[PDB]
Structure formats: structure tokens, C-alpha cells
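Trainee: quick one: initial chain(s) of a complex, as found there:
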Amino acid sequence: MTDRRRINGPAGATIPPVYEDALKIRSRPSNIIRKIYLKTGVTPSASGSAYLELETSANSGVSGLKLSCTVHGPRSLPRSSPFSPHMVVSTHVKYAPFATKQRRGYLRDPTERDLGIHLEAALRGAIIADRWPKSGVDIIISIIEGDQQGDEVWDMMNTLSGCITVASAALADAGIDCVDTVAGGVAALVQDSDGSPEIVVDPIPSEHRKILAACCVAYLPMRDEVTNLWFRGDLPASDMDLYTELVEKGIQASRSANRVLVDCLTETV
């Protein structure tokens, strides 16, 4: 399978690198949210944009995860497409070629599309579509790095929280109406020296021995609403009271995340 479009590697399949033959918990839970760096204006040509970075551990160890978002202004839709009084909102998320596993740009992996819908669900609620008929806003995120069967879902939740956080920033730089800033958040339940109960605001999966459950929320600060929530667990119904906390910790995480967004937007633009 050689693209007529793109340069092709050797017909024989390549082999990944092979190496010759216990992280302590990073920080306090409530303020555990990793310090973030958000700047609007990363790309001018687009109506709006933003770039988000996160620190792998403690303060400024490395730039482990990096997001760049491109929002296109209210764009005239295709002539053949059916007229819509509501503004069409479309989200495209592509993992960069640089990840633990090489991901083809063409592939648009199933893992990647899943994020696009969630992000599409979070941003869609915030946008006011009734004010722009025959208009199509295209939100696009290209992920430079990932955070860092069961382990996969946890890593994914963190990337989602950042994608909804950059998007809110992007949507603001463009004149795209938003009921409220949408901030990403994460939460999870972990066990430490028989301390099963505690909830950590930022998962930090590798550090935790095992993670019982996790939630990713998109609270709209100033409006008591969650646009998107997705949670994986094996939680006994009798223990459901914690789920309420885990969800509530997530939105407490989002408010913290919102602070960066509000501050960057509020700070000199």
C-alpha cells in the first residue's frame, strides 16, 4: 500500500526499538493540577488558535504533553450540503507521528476519532449556534505529545481535558460566541499503602500502582453544568457515594484549569 500522494518507506515492515533488559506520588491532590502554559495567537492566519503545555512532574521537568488548536472562523459551508440554521460544529483531532507508537497521519486512528466526538460534544454545548446560520466553525487539534487495555483509557482522559481546554481558548480568540468558557478536568481513584479511598485531581497514571476508576468532566464555570463526562470503573453500587465525589473532584479540577484559561485570555492579549 504505497500512497500515490506521499513518500513511502521500505516494503518490508520496520521493527520498533527494543531495549536490553516505581515513581513516588508527585504532589498534593487538591492543587495537584499540573501547572499549564496557554498562549493565544499561536497561528494568526486562522480566526483563532492556542497552544497548551503541561509539565511531566513537579515543576518544569520537561514538556511532556503539548497541544496546538486551530479554530476557523464562521466559514461558508459547502454548497451541496443541506442548509442548517444551526452553526455546524466539526472537530478533527489527529495524533502527531511522534508518539510512543508511530501513528500514520492518514490513519486517523480509531483511538483518535473517539476523542474528536467527546471534544465535539463538549464544545458544541458551549457554542451558540442559533446566531450564525449557514455557518461552519471547524475546530482542529494536532497533538504533539501524549500524556506520559486498561492503562490506555486513563492516558486518553487526560489528553481530552487539555483538548477541551485549548479549544475554549481557541474559540475565544475568534469571535465565536460561547455561553461560558469550557474547561477540561480529570479525576481518578487510587490505592496507596492500603489507602484505597483517596481521589487524585490529576491521574498521573504511572505513579499510581493501580487506578480503580477515573472521570473526565468539562465544567462550564459560572453555569452549573457539565457538557461531557466519561468514566471507567468497576465500582460497587454500595460504594457509589465516591462516584459523586470523583465527579465533583473533576469539576473542582476544571475550575482550576479554567483559571489558566481565564488568566491567559485576561492577561495582555
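Mentor: That came through, no problem. Numbering: from 1, shown residues only, chains lettered A, B, ... in the order given.

Trainee: use CA for all of it now, contacts and neighbours both
Mentor: Noted.

Trainee: Assess the claim that residue A:65 and residue A:156 are in contact.
Mentor: No. Using C-alpha atoms under 8 Å, residue A:65 makes no contact with residue A:156, being 11.8 Å away.

Trainee: Which residues are in contact with each of these two?
Mentor: Shared contacts of residue A:65 and residue A:156 (C-alpha atoms under 8 Å, 6 or more residues apart in numbering): residue A:147.

Trainee: Report whether residue A:262 is found in a strand, as I expect.
Mentor: No. Assigned with DSSP: H, G, I helix; E, B strand; the rest coil, residue A:262 falls outside any strand and is helix.

Trainee: From the centroid of chain A, which residue is nearest?
Mentor: Residue closest to the average C-alpha location in chain A (C-alpha atoms, centre = their mean): residue A:160, at 2.2 Å.

Trainee: can you tell me which residues contact it?
Mentor: By C-alpha under 8 Å, 6+ apart, the residues touching residue A:160 are A:115, A:118-119, A:184, A:216.

Trainee: ok, and the closest non-adjacent residue to residue A:255?
Mentor: Nearest non-adjacent residue to residue A:255, counting by C-alpha to C-alpha, 6 or more residues apart in numbering: residue A:221, 6.4 Å away.

Trainee: quick one: contacts for the one you found?
Mentor: Residues near residue A:221 by C-alpha under 8 Å, 6+ apart: A:180-183, A:255, A:258.

Trainee: if I look at it, how far off is residue A:60?
Mentor: The spacing between residue A:221 and residue A:60, counted by C-alpha to C-alpha, to the nearest Å, is 27 Å.

Trainee: and if you look at residue A:169?
Mentor: From residue A:169 to residue A:60 the distance is 22 Å (C-alpha to C-alpha).

Trainee: Settle it for me: which of the two has more neighbours?
Mentor: residue A:169 (31 against 13; other C-alpha atoms under 10 Å).

Trainee: secondary structure class for the nearest residue to residue A:43 once chain neighbours are set aside?
Mentor: Spatial nearest neighbour of residue A:43, excluding adjacent residues (C-alpha to C-alpha, 6+ apart): residue A:49 at 5.8 Å. Three-state assignment for residue A:49 (three-state DSSP): strand.

Trainee: Looks like residue A:49 contacts residue A:69 (just checking).
Mentor: Yes. With contact defined as C-alpha under 8 Å, residue A:49 counts as touching residue A:69 (5.3 Å).

Trainee: so what's in contact with the two at the same time?
Mentor: Shared contacts of residue A:49 and residue A:69, defined by C-alpha under 8 Å, 6+ apart, comprise A:167, A:170.

Trainee: Quick check: buried residues in the strand or helix carrying residue A:74?
Mentor: If you go by DSSP states H and E, residue A:74 is part of strand A:63-76. For strand A:63-76, burial by neighbour count (16 or more other C-alpha atoms under 10 Å) applies to A:64-74.

Trainee: Append chain B to the structure above:
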Amino acid sequence: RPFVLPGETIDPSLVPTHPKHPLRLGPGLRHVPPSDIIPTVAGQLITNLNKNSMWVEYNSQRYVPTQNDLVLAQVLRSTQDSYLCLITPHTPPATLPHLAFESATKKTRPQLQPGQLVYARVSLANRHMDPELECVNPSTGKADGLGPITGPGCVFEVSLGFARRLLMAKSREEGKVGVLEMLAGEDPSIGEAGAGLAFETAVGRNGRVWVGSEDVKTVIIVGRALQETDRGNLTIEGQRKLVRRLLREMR
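Mentor: Putting chain B together with the chains above:
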């Protein structure tokens, strides 16, 4: 006799510096802002001095509209104010006035079936605007044979140059195309003494030529002779030899 290639300005001497009449310009010649005429196509120049025109003749198979040209158009579709037709395949569609046809009134209009063959005089040709085809000259009030075709017929493709010869009055002699007449039996040389055969011919600058006869056999014979001559420029004798050859194969 002068031979030109694109980008080789025609020399000033060949141009007539006697501007009693501003010079009309023929195909393949372009006028730069200063009074210099530059060929735009490969071909042989002709002075046409008696006329106030210069043209360079290049035989191609694709027709770009020219006003007052006569075209063999086909009606694709109908619209409220107009009939849409194609001069040549893959052209931008032409616009034919609904009321253009002779004797037309808002109360009386001819209906043209989809896919009906139509003959038309080009009404306007502007690079900026899509072509428009008229049926009747407004002054005469008469189409003069121009219009839709109902007869039993077929349209055959032709090189634009061979088409020009047919449309030109001197098809025989200076034009050198007289196969149409040869098959007609007017000419003595054929010697068939057949008393002739009946064919109806409508030729267009679009490069597609209509031939219609009551007999199916008639259409093919005229056509094959016509088409064979285009593809291969034929010595009038060779044309004679071909018509006889096509005639013998006929039964």
C-alpha cells in the same frame, strides 16, 4: 505564402498602411496595445488584401464561438426564459432565446424536445459571458432555414477546416471539396449513370455536420466519404477513387 509561429510579429511591410478602413482581424492574430499584430497560432498567413482582414489558417477540431457563426447545436434542457444547448461537447452551455424562433410570440412558441438537433446563428460571443444562439435575424423576421431539425438524420464530426470549405460557397474548385456533389451524380466522371442520390446536408462552424436522407444507406455513404476525407486530406482524384470505392461496397 508567409509562414508564422506564435510570438513572431508579422512584419510591418506585410500590413497595409492605408487606413481608409480600420483593419478587421482574422483568427490567429492578436493586437498588442502599440500598433503591432502578433500571431497567436501556428499556421500560414494570408493577406486577404481585397478584404480588410488578415488570417492565419490552422486546422483544429475544437470550436470557440464567434458571433454570426452558424452552429449545429443540440438542446440539452429547458429553462423558463431560454433553451440551453451545447455547441461542441464539453463546451460551456449556450443560451437560446425561447422567443427567438420565427413567428414566435409570447402566445405561440415552438417546443424543442430534449436532445433535438438545432441549427442556430450565434447571437453574441463574449469571453466574459456564455454564448447565445439566435434562430432568426431580427430584421428579416425570417429564419431562412435556420432552426430545429426534425428529418431522419445523423450528425458526423468534421475537422474545422474541412467544415470551413463546405460552408464556403466554392466547395468545388477553389475549396476542393466536391464529394457531396460527386455522390450526387452531377459530375460526369463517376460514370455510374445512377441519376444521382438524394441527400440533405447542414454544415456548421462547430465542426459537426448533419446529413439527412430518407434512405438509411444514403446517410452512411455520404458520411463515410466525408469523414474519410477530413482525417486524410484527399487529392480530388483520390476523393473520386474513394467515393467509387465506398459506392461499390454499397449494395
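
Trainee: Confirm that the residue nearest to the centre of chain A sits in a strand.
Mentor: No. Assigned with three-state DSSP, residue A:160 falls outside any strand and is helix.

Trainee: helix or strand for residue 125, which one?
Mentor: Unless you meant another one, I'm taking chain A. Using DSSP H and E, residue A:125 sits in helix A:110-126.

Trainee: Please refer instead to chain B.
Mentor: Per DSSP H and E: residue B:125 is located in strand B:117-126.

Trainee: got the contact list for that strand?
Mentor: In this structure, residues lying in contact with strand B:117-126 by C-alpha atoms under 8 Å, 6 or more residues apart in numbering or on different chains are B:65-75, B:131-136, B:146-150.

Trainee: switch the cut-off to 7 Å
Mentor: By C-alpha atoms under 7 Å, 6 or more residues apart in numbering or on different chains, the residues outside strand B:117-126 that reach it are B:65-75, B:131-135, B:146-149.

Trainee: Settle this for me: residue A:171 is touching residue A:48, isn't it.
Mentor: Yes. Residue A:171 lies in contact with residue A:48 (C-alpha atoms under 7 Å); the separation is 6.4 Å.

Trainee: Spit out the residues that contact those two alike.
Mentor: Applying C-alpha under 7 Å, 6+ apart, one finds that residue A:171 and residue A:48 are jointly contacted by residue A:71.

Trainee: Which parts of chain B are strands?
Mentor: For chain B, applying DSSP state E gives strands covering B:3-4, B:24-25, B:29-31, B:37-39, B:43-46, B:53-57, B:70-79, B:82-86, B:94-97, B:117-126, B:129-134, B:154-157, B:200-202, B:208-212.

Trainee: Adding distance to residue B:230 and mean neighbour count, write those out as TSV.
Mentor: Formatted as TSV, these follow (distance: least, C-alpha to C-alpha, whole Å; neighbours: other C-alpha atoms under 10 Å in any protein chain shown):
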stretch	distance to residue B:230	mean neighbour count
strand B:3-4	23	16
strand B:24-25	26	12
strand B:29-31	25	16
strand B:37-39	25	20
strand B:43-46	18	17
strand B:53-57	16	18
strand B:70-79	18	21
strand B:82-86	23	21
strand B:94-97	27	23
strand B:117-126	22	20
strand B:129-134	27	20
strand B:154-157	9	16
strand B:200-202	16	17
strand B:208-212	12	22
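
Trainee: Dump those to TSV, plus distance to residue A:3.
Mentor: Formatted as TSV, the strands of chain B follow (distance: least, C-alpha to C-alpha, whole Å):
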stretch	distance to residue A:3
strand B:3-4	46
strand B:24-25	51
strand B:29-31	45
strand B:37-39	44
strand B:43-46	44
strand B:53-57	46
strand B:70-79	40
strand B:82-86	39
strand B:94-97	41
strand B:117-126	43
strand B:129-134	40
strand B:154-157	41
strand B:200-202	52
strand B:208-212	43
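
Trainee: next one is chain C, place it on the structure:
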Amino acid sequence: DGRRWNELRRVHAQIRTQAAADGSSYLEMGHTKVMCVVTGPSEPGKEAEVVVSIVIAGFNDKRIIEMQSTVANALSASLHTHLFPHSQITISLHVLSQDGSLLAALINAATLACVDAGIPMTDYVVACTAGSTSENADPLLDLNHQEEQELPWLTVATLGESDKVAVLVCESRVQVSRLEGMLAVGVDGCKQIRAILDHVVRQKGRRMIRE
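Mentor: Placed with the earlier chains, chain C looks like this:
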């Protein structure tokens, strides 16, 4: 085996199988099983266009689209496509199991799906797959999947009882001589498969008019 050449696999056909569809059909020839659901003549949100979609249940993309193109064109000659210009007709066919002669089941099942929908049909279009079986001659009407690998297989579709063939497809080699005997066999099979098909349509109607 255990089947005489004249004999065909057991057939059970259901019409109006889908509770709520313009037309539906369920055909099982021996082990092979096919389900068809047809949207009624309808306009998407000149002659009408038939789309054929075949989905093979999990137990080659070129082979499928080739089969889709075959069923559509065959049904299109029988179907009175010309009557409704602006309408589109969609045939959705799903195969639960395969025992060979898959194409034949699809065209047969689809033709049963059409008559249910009420779309005008010039005639039943019915097909079977026959083989030569090598100068000894025992031409076979119904081809097992086992038998098709061993012996050359020819699939033939006819316009009902008439000898006319709308579709004839053979992807395995045969000598020209053997063919003349192979097609007639298939033709004989088609009328049998029409007969069962016509019975299925008639029996449902008798109950419908009764109901």
C-alpha cells in the same frame, strides 16, 4: 452429497419477513441463507437507480462490489425501472451463511424481496449454479461449496420460465462443448426455483387476502 442431479437443496422462503419494511425476503438454499430488505420507491433527501449492498456476516472487496453490480443489473432489467424517474430503489442483502451458489441465492432472494415491495416486475428473475462434473455426463443443478471447488461452476440467471438469460457468470474453466449442457441444466433449475418462489408469494397472498 446424497442429491440427484435433478434435485435441488431444500429451500425455505419467507416474504414480508421484516415487520416494518417496504419489502423483505428471507431465502435459505440448503445451508446458504440470505436476508433482503428493500426500501420502497422513494426519493433521496430518466430512469430509477438501484443500489445493491451486500454485507457478509463474520464467520475480497472487489468480489463483493462485483456481486453487488451483478444483482443490481439483473434486477434492473426485470424491474420496470422506467416507470418512476425521480425515485431511488435500494436493495440491502445480508448473508448469514454460505454453502456456495451465493450469487444465485442473492438474486433469487432479492427478486423475492422486490415482488413483496410491489415494485413492478416484468417477470421473476431466478438463477441457479450448475456444473459439468466431467465424456461421462452428470450435469448438476445445485452446487455445494465442496462441489464447486472440485468441479467447474457456472451461475445462470433467467427471466423466469423463459429460456432467456439476463446474467451468466463463470469464473472457472470449462471446455466449450460442456457449456451447452451446463446452461440448459441451470435453466431447468431456475424454473424450479421460480416455482418455489411463486408458491411463496402466492401462499402469503392467500393468507393476506384471507386476513
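
Trainee: now that chain C has been added, could you go back to the contacts of residue A:221?
Mentor: Residue A:221 makes contact with A:180-181, A:255 under the criterion C-alpha under 7 Å, 6+ apart.

Trainee: how far does the strand holding residue A:74 sit from the chain's center?
Mentor: Here strand A:63-76 shows a centroid-to-chain-centroid distance of 12 Å under the convention C-alpha atoms, centre = their mean, to the nearest Å.

Trainee: what angle do the helix or strand following it and strand A:63-76 make?
Mentor: With elements assigned by DSSP H and E, the helix or strand that comes after strand A:63-76 is strand A:88-95. Orientation of strand A:88-95 against strand A:63-76 (axes from the mean of the first three to the mean of the last three C-alpha atoms, to 10 degrees) gives an angle of 150 degrees.

Trainee: which residues touch strand A:88-95?
Mentor: For strand A:88-95, contacts defined as C-alpha under 7 Å, 6+ apart pick out A:103, A:108, A:112-113, A:116, A:119-120, A:124, A:135-143.

Trainee: for it, the distance to its chain's centre please.
Mentor: Centroid separation for strand A:88-95 versus its chain: 12 Å, with C-alpha atoms, centre = their mean.

Trainee: Same question for stretch C:181-192.
Mentor: Relative to its parent chain, stretch C:181-192 has a centroid offset of 14 Å by C-alpha atoms, centre = their mean.

Trainee: Then stretch C:165-176?
Mentor: Counting by C-alpha atoms, centre = their mean, stretch C:165-176 comes out at 16 Å from the chain centroid.

Trainee: now stretch A:155-162
Mentor: In terms of C-alpha atoms, centre = their mean, the centre of stretch A:155-162 is found 4 Å from the chain centre.

Trainee: In chain B, what residue spans correspond to helices?
Mentor: All helices of chain B, identified by DSSP state H, fall at B:160-167, B:179-184, B:216-231, B:236-249.

Trainee: ok, residues contacting the first one?
Mentor: Outside helix B:160-167, the residues that touch it by C-alpha under 7 Å, 6+ apart are B:59-61, B:171, B:175, B:177, B:203-205, B:207, B:230.

Trainee: let's see 8 Å
Mentor: Residues from elsewhere that reach helix B:160-167, judged by C-alpha under 8 Å, 6+ apart: B:58-63, B:171, B:175-177, B:203-209, B:230.

Trainee: Can you select the buried ones from those residues in PyMOL?
Mentor: Applied in PyMOL, the following selects the buried portion of these according to 16 or more other C-alpha atoms under 10 Å in any protein chain shown:
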select buried, chain B and resi 61+63+171+176+177+203+204+205+206+207+208+209+230
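
Trainee: neighbours of residue 149, just the number please.
Mentor: If you meant another chain, say so; for now it's chain A. Residue A:149 is flanked by 5 other residues according to other C-alpha atoms under 10 Å in any protein chain shown.

Trainee: my question was about chain C
Mentor: For residue C:149, the count of nearby residues is 12 (other C-alpha under 10 Å).
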